[PDB]
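Heads up, the Cβs are rebuilt from the backbone with ideal geometry, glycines too, and the neighbour counts pull from every protein chain shown. Coordinate-derived values only; no laboratory data.
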Amino acid sequence: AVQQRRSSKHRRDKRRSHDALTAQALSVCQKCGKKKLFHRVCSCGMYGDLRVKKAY
Amino acid sequence: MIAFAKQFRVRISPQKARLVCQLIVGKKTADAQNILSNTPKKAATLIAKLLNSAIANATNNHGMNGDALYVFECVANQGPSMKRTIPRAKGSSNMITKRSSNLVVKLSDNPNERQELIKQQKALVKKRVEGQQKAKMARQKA
Amino acid sequence: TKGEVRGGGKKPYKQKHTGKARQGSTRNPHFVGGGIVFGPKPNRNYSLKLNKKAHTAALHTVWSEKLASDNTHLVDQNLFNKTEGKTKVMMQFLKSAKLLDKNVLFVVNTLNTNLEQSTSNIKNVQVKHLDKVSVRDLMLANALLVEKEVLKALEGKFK
Amino acid sequence: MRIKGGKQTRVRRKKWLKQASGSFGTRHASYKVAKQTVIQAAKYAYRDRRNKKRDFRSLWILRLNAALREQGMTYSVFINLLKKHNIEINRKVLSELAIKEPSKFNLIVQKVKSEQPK
Amino acid sequence: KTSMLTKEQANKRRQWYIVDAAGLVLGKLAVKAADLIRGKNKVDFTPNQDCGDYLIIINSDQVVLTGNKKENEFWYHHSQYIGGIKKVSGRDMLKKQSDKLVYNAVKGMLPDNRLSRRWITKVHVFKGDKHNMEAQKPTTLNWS
Amino acid sequence: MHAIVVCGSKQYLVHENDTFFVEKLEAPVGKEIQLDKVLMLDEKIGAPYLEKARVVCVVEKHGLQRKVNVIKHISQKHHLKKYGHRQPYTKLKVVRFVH
RNA sequence: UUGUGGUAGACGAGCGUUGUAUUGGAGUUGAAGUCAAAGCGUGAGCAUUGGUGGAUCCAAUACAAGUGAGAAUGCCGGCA
RNA sequence: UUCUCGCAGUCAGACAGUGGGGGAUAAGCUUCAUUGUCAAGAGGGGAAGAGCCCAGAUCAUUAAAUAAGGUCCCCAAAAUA
RNA sequence: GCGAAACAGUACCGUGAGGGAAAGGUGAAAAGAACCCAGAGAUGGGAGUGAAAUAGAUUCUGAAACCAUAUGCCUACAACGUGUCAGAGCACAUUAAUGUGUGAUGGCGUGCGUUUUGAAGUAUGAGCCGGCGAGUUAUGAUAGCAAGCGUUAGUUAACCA
Ligand SMILES: [Mg+2]
Ligand SMILES: [Mg+2]
Ligand SMILES: [Mg+2]
Ligand SMILES: [Mg+2]
Ligand SMILES: [Mg+2]
Ligand SMILES: [Mg+2]
Ligand SMILES: [Mg+2]
Ligand SMILES: [Mg+2]
Ligand SMILES: [Mg+2]
Ligand SMILES: [Mg+2]
Ligand SMILES: [Mg+2]
Ligand SMILES: [Mg+2]
Ligand SMILES: [Mg+2]
Ligand SMILES: [Mg+2]
Ligand SMILES: [Mg+2]
Ligand SMILES: [Mg+2]
Ligand SMILES: [Mg+2]
Ligand SMILES: [Mg+2]
Ligand SMILES: [Mg+2]
Ligand SMILES: [Mg+2]
Ligand SMILES: [Mg+2]
Ligand SMILES: [Mg+2]
Ligand SMILES: [Mg+2]
Ligand SMILES: [Mg+2]
Ligand SMILES: [Mg+2]
Ligand SMILES: [Mg+2]
Ligand SMILES: [Mg+2]
Ligand SMILES: [Mg+2]
Ligand SMILES: [Mg+2]
Ligand SMILES: [Mg+2]
Ligand SMILES: [Mg+2]
Ligand SMILES: [Mg+2]
Ligand SMILES: [Mg+2]
Ligand SMILES: [Mg+2]
Ligand SMILES: [Mg+2]
Ligand SMILES: [Mg+2]
Ligand SMILES: [Mg+2]
Ligand SMILES: [Mg+2]
Ligand SMILES: [Mg+2]
Ligand SMILES: [Mg+2]
Ligand SMILES: [Mg+2]
Ligand SMILES: [Mg+2]
Ligand SMILES: [Zn+2]
């Protein structure tokens, strides 16, 4: 099955109206200050007060 | 006072780049960098480089404060495409169009920057009408 | 034309069952290869015929209107050879006669060489024999200098 | 002598495009759809000039009819009285009177009501 | 050229009215209700500004249908399913829902339009003498 | 205060210092024309036309109306005719109502 | 005064493109091209101003045409 | 609308009324004669309709009188007996 | 315009005979951007040369379709060949013109060519944009119009200068 009529440039944007992106929640590390996405280990391997991995 | 940075023939498609550019328009400098550094998209580590270069040449070349910069407009214009032949079934063939985007980021220090652009458009219109009136005066003079 | 242009006289695609339209050659007029349907040809005539008496009548009226008017002075051999072959003398002559901007035409019966040596670097003025001037050369002149024996030959030619 | 087309097609095409300014999408962008819309719009404009002449008459008749029913008289008899009294006034101006000059419109109805015809 | 006529620029002289359908015929009441709602009887009628007054109808169940129409004339409503055609007789409409009957009758006398929705909205039809609309101070007129 | 005049074929209700547009009258700008046919004046309305009731007007301009493009087209019949019309008018303002 | 719907079709009058011949004129103080604007014509069409552009162009009278694109499952290029 | 000369296009028609043939006094059937419309003709009535009725569009006017048809509301316009 | 303005009968297609493209322009002069900043780099932003760098090697001019950004207006009870005639409100000010941009709402409204008695068409052709694309030439005949020459008229063809 294929479109018997061409879809205009307006129906295309109406369908894409729901294709927008969402900003992931971010927080501040408590030992170095750089922003990291929430509930994940920072770049220093320091999650909370626990040294997870060696520094980058 | 707009500072800007450009990148021609970026491999990312404009469709998949506008989705990321709309996440930073109107945002402050530090917050825009923070948002773009933690988004799992391919067109995030390329807009980040362009944004950083734009900040550098705004606070070094054009002499801007640096604590008032906001992303004025970040867009991905359509770039030149590349045509390849994908071999189909039963002897047929189709054309693959590798899409490229011309990325440009622009930041300003004045939060009223749109007004000056409209002002320049108005000035051009006024000069056209002024030319017409001077020509009319010359026609009647003769 | 369509046949003269180098190309393949075969059918590119089959007549039927292909989604493309019917085609018969790759050098058809509506193709980019280019077969010009009619086009200019190097066999065209461009020539026209006018009767001898009609041409005589045209020449008669043109002489009548050009003659007996301003800048239609009479000239002889003396200044035709007083030019000395130097175009500076003739420039002075045209300046003195106030015929510099005019397209003056010399009508000559004996083909003087000194006059022809001059007036050849002048794109404006020119010299012709009586059997060489035509209607167009006569009415483009805007000014002309006619020799007395040229004038005598004119009444004879008209008859 | 190979005459080549340029600025001839574009000028006459842009005229049609300029006329079809303010249309929906491709109806103002492409020359072909723009040309069709302008022709159709011209037909509509022609037909609606005639239809305007009739529709505004109907509206004046409606307003005049209403203005009369408040006083107990009908449109069908008001025009008859107007004719017998020789008064010649457009329903347009009569409706304009009944909306703008109630007192003078009431004066006209009073004379046509009872005064001797001619 | 000529002088253009005056047309109301979204001017609202709308007022509230009360009528009593004690023994009024359904059609005879509906025609005047539609005329009042549309404002056609108004002196200045601009047909794009809904210059028509509101109306409240009392005693809807007391209206009458002449002849044998209470048992021989049927009102029909079809849902978008198959077999969803519900029929009600004149008597059943006069007893079960009389307000809906008057509402539908008035709606049918209006032009298919985008303003007819607001016009049919301005009709408040009640089945009893009581009404929660006494705060509008509606004037009372008969047989309208 | 008000009058009903008939210029051309249309009827205009005019007040004092009112400028209305009528069909071309062939009169230069600046003259003082006297409209003759008057239907209603003040409160005395004449049946055919009022006698001696004159409307004095001054001509302001002799411009032309907006261009109208009449495009006659017979669908699928090889007929596309085009025409243009710019109807001339004249604008005049009421100065005084002759008794 | 009588008229002016119109397909196939017949007749008449014009517009526009390129070049040539005669005249005149404009142009690095900015030509063609090209975009925009709230202009002029009965129609093909024609101007004015401003931006871009960087070297040719315009008016009149005649002449000669590869002289007018919306359709051909038309050809080529680009893009949906 | 006759005569002479130049240039054509047309040779698939449709429906309505009237008089018939074929069909079954069936066909929006088929074949004729005649009056009209459409073809090549918009407008108003017929709710919507190529052919039915009223008629023939040069353009503009927010002027007036009418034809067929109609006057409770949609939708312009009526009342008496 | 030769298929071929460039290194074209090349690239490429076919076992082979054979078939057969596209692609030109910086600036007067490379003076072709040293140097600084961001970046891994290409590159970009400044600086510099230049009359011009929005002439930067992507290199004369740069159209439309197409894709994005924004001033102003409208749009989430609404049956839509998308327009037209009226029409509030909103925002501006022009080839000064009963001005321009949008259009809450009311009346009316089934595209363009083709071929058919008859197409909105459940017949047909076109996805859109731009370029190209179809009544000619040579030799004769007839007819209309006009000019030259005329009542022992009119006119030359080849060829020669
Ligand atoms: Mg869009
Ligand atoms: Mg989606
Ligand atoms: Mg294979
Ligand atoms: Mg694709
Ligand atoms: Mg060729
Ligand atoms: Mg073309
Ligand atoms: Mg005609
Ligand atoms: Mg020319
Ligand atoms: Mg220019
Ligand atoms: Mg051609
Ligand atoms: Mg027959
Ligand atoms: Mg037959
Ligand atoms: Mg019959
Ligand atoms: Mg029979
Ligand atoms: Mg029969
Ligand atoms: Mg039949
Ligand atoms: Mg036919
Ligand atoms: Mg008809
Ligand atoms: Mg009808
Ligand atoms: Mg007529
Ligand atoms: Mg009447
Ligand atoms: Mg009648
Ligand atoms: Mg009515
Ligand atoms: Mg090989
Ligand atoms: Mg640069
Ligand atoms: Mg490019
Ligand atoms: Mg360029
Ligand atoms: Mg809403
Ligand atoms: Mg609802
Ligand atoms: Mg409906
Ligand atoms: Mg609607
Ligand atoms: Mg509408
Ligand atoms: Mg519709
Ligand atoms: Mg055609
Ligand atoms: Mg057929
Ligand atoms: Mg058929
Ligand atoms: Mg359909
Ligand atoms: Mg089929
Ligand atoms: Mg077919
Ligand atoms: Mg198709
Ligand atoms: Mg095309
Ligand atoms: Mg002849
Ligand atoms: Zn950390």
When a footprinting reagent is the concern and you count Cβ atoms within 10 Å, what order do E:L110, F:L64, D:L97 take, fewest first? F:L64, E:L110, D:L97
Packing rank of F:33-39, C:13-19, where each peptide gets the mean count of other beta carbons within 10 Å, highest leading: F:33-39, C:13-19
Among E:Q97, E:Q80, E:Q49, the residue with the largest mean-square fluctuation in a Gaussian network model of chain E built from Cα contacts under 10 Å is E:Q80
Where does chain C land at 222 nm, in deg cm²/dmol rounded to the nearest 500, when only DSSP H runs of n ≥ 4 count, each adding -39500 (n - 2.57), divided by all residues? -9500 deg cm²/dmol
Which whole number in µm²/s is D for chain F by Stokes-Einstein, with the Kirkwood Rh taken over Cα pairs at 10 °C and 1.306 mPa s? 103
Enter the Cα centre distance for the pair the stretch F:9-88 and the stretch D:54-118, rounded to the nearest angstrom. 24
Convex hull volume of the Cα atoms in chain E, per residue, in Å³? 157
For the stretch A:1-53 and the stretch B:120-142, what is the separation of their Cα centres, given in Å? 53
Hey, what number do you get for chain B at 222 nm if only DSSP H runs of n ≥ 4 count, each worth -39500 (n - 2.57), divided across all residues, to the nearest 500? -13500 deg cm²/dmol
What angle, in degrees between 0 and 90 and rounded to the nearest 10, separates the Cα long axis of helix E:98-108 from the longest principal axis of the Cα atoms of chain E? 50
Measure out, as a whole number of angstrom, how far apart the alpha-carbon centroids of the stretch C:65-106 and the stretch E:44-92 sit. 111
Roughly how many debye, to the nearest 20, is the charge dipole of the stretch D:1-114 about its Cα centre, given +1 on each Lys and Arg Cβ, -1 on each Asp and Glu Cβ, and no other charges? 1360
Take E:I56, D:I3 and order them by how many other Cβ atoms sit within 10 Å, fewest up front. D:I3, E:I56
Alpha carbons only, please: Rg and Dmax for the protein assembly as shown, in angstrom. 45.6, 136
For D:88-101, what's the mean count of beta carbons from other chains sitting within 10 Å of each residue's beta carbon? 6
Per the protein assembly as shown: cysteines with no other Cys C-beta under 4.7 angstrom? A:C32, A:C44, E:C51, F:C7, F:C57
Under 13 Å, Cβ to Cβ, from C:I122 - net charge with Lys/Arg +1 and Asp/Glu -1: +3
Hull volume in cubic angstrom per residue (convex hull over the Cα atoms of the stretch B:11-142): 191
Under a Cβ-Cβ cut-off of 14 Å, what is the net charge of the residues other than B:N65 that fall near it, where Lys and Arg count +1 and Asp and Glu count -1? -1
When the C-alpha atoms of chain A are aligned to their principal axes, what extent does each axis show, in angstrom, from largest down? 62, 21, 15
Using modelled amide H (1.01 Å from N, peptide plane; none on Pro or chain starts), what sits under 5 Å from the amide H of C:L105, excluding residues fewer than 5 places away? C:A143, C:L144, C:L145
Cα gyration tensor shape for chain C, rounded if a/c is under 1.5, else prolate or oblate: prolate
Within a Gaussian network of chain F (alpha carbon springs, distance under 10 Å), most fluctuating of F:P48, F:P88, F:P28: F:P48
Any idea which of E:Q49, C:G35, B:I47 is furthest toward the positive side of the dipole for the protein assembly as shown, if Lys and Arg beta-carbons carry +1 and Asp and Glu beta-carbons -1? C:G35
